[PDB]
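Residue numbers (the entry's author numbering), protein chains in the order written: chain C, 5 to 375; chain B, 5 to 375; chain D, 5 to 375.
For every residue, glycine included, the Cβ atom is placed at its ideal position computed from N, Cα and C.
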Amino acid sequence: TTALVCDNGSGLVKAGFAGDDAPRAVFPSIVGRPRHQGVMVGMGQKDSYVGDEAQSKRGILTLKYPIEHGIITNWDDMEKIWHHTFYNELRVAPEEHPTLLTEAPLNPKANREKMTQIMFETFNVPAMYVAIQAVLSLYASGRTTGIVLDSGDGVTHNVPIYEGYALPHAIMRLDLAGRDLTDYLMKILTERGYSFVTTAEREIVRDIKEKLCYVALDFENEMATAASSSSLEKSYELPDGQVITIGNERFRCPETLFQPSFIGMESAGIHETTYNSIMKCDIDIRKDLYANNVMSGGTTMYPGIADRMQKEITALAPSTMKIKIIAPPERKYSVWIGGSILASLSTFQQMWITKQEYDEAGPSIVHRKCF
Amino acid sequence: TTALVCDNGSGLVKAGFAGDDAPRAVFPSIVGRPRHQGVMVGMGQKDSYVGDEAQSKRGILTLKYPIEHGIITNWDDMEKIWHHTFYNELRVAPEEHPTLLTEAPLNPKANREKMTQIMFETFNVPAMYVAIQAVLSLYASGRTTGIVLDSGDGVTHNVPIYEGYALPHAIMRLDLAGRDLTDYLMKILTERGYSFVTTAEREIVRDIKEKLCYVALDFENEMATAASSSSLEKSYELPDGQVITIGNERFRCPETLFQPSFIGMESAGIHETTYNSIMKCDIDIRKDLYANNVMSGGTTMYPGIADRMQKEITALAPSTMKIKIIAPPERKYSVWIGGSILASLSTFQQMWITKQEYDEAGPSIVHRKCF
Amino acid sequence: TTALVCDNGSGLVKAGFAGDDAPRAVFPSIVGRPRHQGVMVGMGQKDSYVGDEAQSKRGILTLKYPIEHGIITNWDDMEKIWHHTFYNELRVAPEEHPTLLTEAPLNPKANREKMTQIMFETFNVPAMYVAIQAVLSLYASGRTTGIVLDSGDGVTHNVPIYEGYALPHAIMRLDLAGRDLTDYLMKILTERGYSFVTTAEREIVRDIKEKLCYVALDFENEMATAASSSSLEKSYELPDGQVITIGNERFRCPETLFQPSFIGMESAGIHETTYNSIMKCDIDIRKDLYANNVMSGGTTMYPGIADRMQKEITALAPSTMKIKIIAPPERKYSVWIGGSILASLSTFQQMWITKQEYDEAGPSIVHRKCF
Ligand SMILES: Nc1ncnc2c1ncn2[C@@H]1O[C@H](COP(=O)(O)OP(=O)(O)O)[C@@H](O)[C@H]1O
Ligand SMILES: Nc1ncnc2c1ncn2[C@@H]1O[C@H](COP(=O)(O)OP(=O)(O)O)[C@@H](O)[C@H]1O
Ligand SMILES: Nc1ncnc2c1ncn2[C@@H]1O[C@H](COP(=O)(O)OP(=O)(O)O)[C@@H](O)[C@H]1O
Ligand SMILES: [Mg+2]
Ligand SMILES: [Mg+2]
Ligand SMILES: [Mg+2]
């Protein structure tokens, strides 16, 4: 039958059936519990809400994110998220569908051990498999050679591949993601007097970040222009009728990706990370990786990130190379699209982990089979 | 000439001269205007009163604070308060003495912009400077490495410093301080039949709070003791001659610091704020910050506050670490003492913002010369 | 006059006087600068910190190493380090003492050219000499025959010397050293949850490696045993009282020496490289090199490394030969010890490059005199 492809992101959940062109159900990965006191009978029920029905009620809920930087911290909540996706979104009983999850590179082993343990023990899936996200992103584009940048809500990592032969000694992982951008935005917005303090208001700040932010091609010059003129201002309207206006915050926020010292981090931005990853491979294949620089992840949707990366990576490499950022319009869902492509290959059906093997080897087999 | 220090707090204006060890003047920051029609000739002058001459007469006045959570909400009254200070209380022509002011972190820029503009244009002080309250509080103790929990009247913030290099990425600020506790105290006194509603009677409940309230080392145990005994109850007499009595209110009111969910807020109490601030820092410097939990501000005078914070953080942090709380006896004027020390340093005389610089750059200078 | 000796290694500086027993000062070579912004007047000085003091304050600094793979990559900082070693650790006037140095084999000539230039012109030392490290190592053992293995922090090299005649073609230089092992340990410590990314955390991962890691005597059996139980597990406490546990990460890191493919390289482990070095020398002298096998360098201090090397070499060479690994307990400082021995020999005082000869011939004379 058709196997599920559930891409549990750090902030979003994508689910669907192998082969399709787009995820069937997409909903945020949060769980909210009421905090005030219910003074009425038979109303205000359901001690816990998940996804959209926790977004719409968020005003009176305290919203938790089960995953934290690509690591599942609250397993009791993650079981709930998976239950939601399997039953209330997809409307399937997973006991007849194989599954194909995803993980970030360099993620702690116990994370995926417990992942597969739950999948086999609670949901009784006949077989399943766990694939790194960079490999799926590289499938989606339909090629074999390139270096993936996959920047999501929890983790930003890079993975270079040459003709199907991975180079695990060049994979670099940098935990500066969309969540940290939103949490820095909440802090900088006070400079104007708009105090967002609650977990609910954090979703409002995420919405402002998605709607209005954009990466400056040249940070210093846009600083000067924005300070010297009001042509860069823009206004947002809160759910309660208020109106908030923001000026240079719009590009001050995404710039954290390229200058992690804005939030105290010591690393070098994503551009330097990619350059270092490419300069760690063999000398012959650096030329090809310079030319097939793939992008992915929702966080790479900031208008102008492709051009800023092009600039900041052409400034580094030798002047005789062709540095070519690939930025598909659907790069938000490239991981899932790659997963769906993968699961439908006939020659991949011998890479599943069958329930029979799990019943005979324990969860540790996930390492002896998967990547 | 000698530099003045004017720590125009939210509850009490502390104004004095650099080089001294105590403020030359303390008075409430309230401006009241009468409300009952006058009927006598030879009277009825001076429609507005400030400070103590408004506190005494409040029987016939409506009192209003100009600062609201460390943000000035009505400048027309703040000019009046500064004028009162300089001319009637300190009695110095301000245009012959530099002045040093204090501002809480994450405070909107416009606040300090107008703060500088008023001083330079109206009072024409030859020079001035604005400093964050936590750094002055650190100066007051003679240290150079600690984490300062300043709980003023409006705002409670937390600024970890290590060897003089502050760590802005890990600062906190919780809008929960004196006035909120006074409001909660008024709200829970109603349970006994004491209905205070007016702006005058809030200045009776504030005194009740300052006299009878304390902090419980174990809130549940105190609740049980109150339920099963009358030992905790205490007696207080109103201005007109009535006597009131309050029981568990005494330790309920300050408990709102550690469980903000009492007054509805999502945020976490002061102990969790401090632990989060310490953790965010570099792993090698948490050791020293654990042992320098300085305290300041008026609201940090409740009995049992230092001991309670000691217990809480010692319960949160790793068991091996030595947690210490530093609560100097005069910690109510810690910020003013810090400013007094700072204004005297010879190395500091170069950091004044001069009137010429203000003319050269205007209000935007305060974002370069001052922290 | 007395001659100084300074083994400018990659990871640590071993300085001191000729003729002594042990180095006078052994301080890490790192020039750090503060990354945060100071706020407190009255302290926060000394824009850069070098060596020990840099290690002490590394909580708020970025630590860069001036030497990388035994080639001075940053002269601005190496000059500061030399100035420190002379004027604050040895506390001597360098202009009065002949100064010996060291350099790895097959090291670019511009390196030592500028080394001699700086020593003769900036410090105005009277005479100097750049002796290859392995030869000094072999002096320190008293021998005059054998095959030196010296695994510094940056570079690993073999130098077969027979009867005082160094055979230059059989030399081998392998850029696998301590820092590579540190980085690989940092990489494989993510398998349990940890994240050491800052340059400050490199100086803690190196210490975990120095304290716990050990070489296996048979890697496959070690892995099989480790998988069986938790007997091998050991626990180490970070600077802030948090405890971490590691199992097979203790001996997967040192195994990089004997299977360089772990960190992505192609070349064969140190044992195959030594066997290949011997098997390029004349047949008449392979017996003498087999039975004399000197060790050196800090990285050769893993418990059991000598035994593993002996096993692996005997596994290749003909059965008749008697292999012997010489591992003096003081081998970490062998290079400096040999330098001090050499600087004292009466026959040596003619090898000096005098200031007059430097003036006559320029920097290039160090190629014609120094081996
Ligand atoms: N159009 C957009 N522009 C900018 N940021 C966006 C946009 N859409 C989503 N984001 C941000 O990217 C993150 C979600 O992207 P996503 O790829 O799904 O993360 P994850 O790996 O967990 O699945 C969120 O932090 C969100 O704020
Ligand atoms: N001994 C005390 N106990 C409890 N609350 C106090 C005490 N002294 C002052 N307060 C309260 O703290 C506030 C004033 O203290 P203060 O430190 O000066 O605040 P601010 O930051 O505005 O300067 C007032 O609300 C006052 O009621
Ligand atoms: N007992 C030990 N075990 C393992 N590694 C060690 C030990 N002592 C030092 N090292 C490593 O050796 C390196 C420094 O040794 P060293 O020989 O002096 O290098 P260099 O020649 O540049 O001076 C460091 O990276 C350190 O991690
Ligand atoms: Mg993702
Ligand atoms: Mg205050
Ligand atoms: Mg060496």
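Would residue i and residue j qualify as a contact pair, given that the criterion is a beta-carbon distance under 8 angstroms?
i                      : j      : result
D:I151                 : D:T304 : no
C:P258                 : C:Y198 : no
D:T160                 : D:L180 : yes
D:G168                 : D:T148 : yes
B:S33                  : B:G13  : yes
B:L153                 : B:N252 : no
D:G343                 : D:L94  : no
D:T89                  : D:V45  : no
residue 381 of chain B : B:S60  : Residue numbering for chain B in the displayed model covers 5 to 375; residue 381 of chain B lies beyond these limits and cannot be assessed.
B:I327                 : B:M299 : no
C:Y166                 : C:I212 : no
C:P164                 : C:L293 : yes
Counting only beta-carbon separations shorter than 8 angstroms, does residue i have a partner in chain B?
i      : result
D:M47  : yes
C:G42  : no
C:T77  : no
D:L349 : no
C:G366 : no
D:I64  : yes
D:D51  : no
D:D56  : no
Can you tell me which of the options puts its alpha carbon nearest to the alpha carbon of residue i?
i                      : options                           : result
D:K238                 : D:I317, D:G146, D:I250 and D:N128 : D:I250
C:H73                  : C:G23, C:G15 and C:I64            : C:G15
C:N225                 : C:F255, C:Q246 and C:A319         : C:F255
D:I309                 : D:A228, D:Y294 and D:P333         : D:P333
C:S281                 : C:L171, C:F223 and C:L346         : C:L171
C:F375                 : C:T89, C:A29, C:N92 and C:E117    : C:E117
D:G23                  : D:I357, D:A347 and D:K373         : D:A347
D:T194                 : C:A230, C:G245, C:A114 and C:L242 : C:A114
D:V201                 : C:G156, C:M269, C:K291 and C:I75  : C:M269
D:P130                 : D:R372, D:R312, D:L110 and D:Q353 : D:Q353
B:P102                 : B:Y133, B:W86 and B:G245          : B:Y133
B:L110                 : C:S350, C:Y188, C:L142 and C:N162 : C:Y188
D:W356                 : D:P38, D:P27, D:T120 and D:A231   : D:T120
residue 384 of chain D : D:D244, D:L261, D:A58 and D:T77   : An answer regarding residue 384 of chain D cannot be provided, because it is not within the stretch 5 to 375 covered by chain D.
Answer yes or no: does any C-beta atom of chain D fall closer than 8 angstroms to that of residue i?
i      : result
C:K113 : yes
B:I85  : no
B:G168 : yes
B:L320 : no
B:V298 : no
So with Cβ pairs under 8 angstroms, would you call residue i a contact of chain C?
i      : result
B:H173 : yes
D:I250 : no
B:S271 : yes
B:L110 : yes
D:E195 : yes
Using only the heavy atoms of ligand 7, determine whether one of them is closer than 7 angstroms to the beta carbon of residue i.
i      : result
C:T186 : For the structure depicted, ligand 7 is absent and the ligand set comprises only ligand 1, ligand 2, ligand 3, ligand 4, ligand 5 and ligand 6.
Next item on the list: Flag this pair as touching only if the segment 60-72 of chain B and the segment 80-95 of chain B have three or more C-beta atom pairs under 8 angstroms; answer yes or no.
Entry: yes
Check: Is there contact between the segment 287-303 of chain B and the segment 204-211 of chain B, where contact requires at least three CB pairs shorter than 8 angstroms?
Finding: no
Next item on the list: With a cut-off of 5 angstroms, give the chain-ordered residues whose Cβ is closer than this to any heavy atom of ligand 4.
Entry: C:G13 and C:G156
Note to self: Quick test of the definition: if touching needs 3 or more C-beta pairs under 8 angstroms, does the segment 357-366 of chain B touch the segment 120-130 of chain B?
What the structure shows: yes
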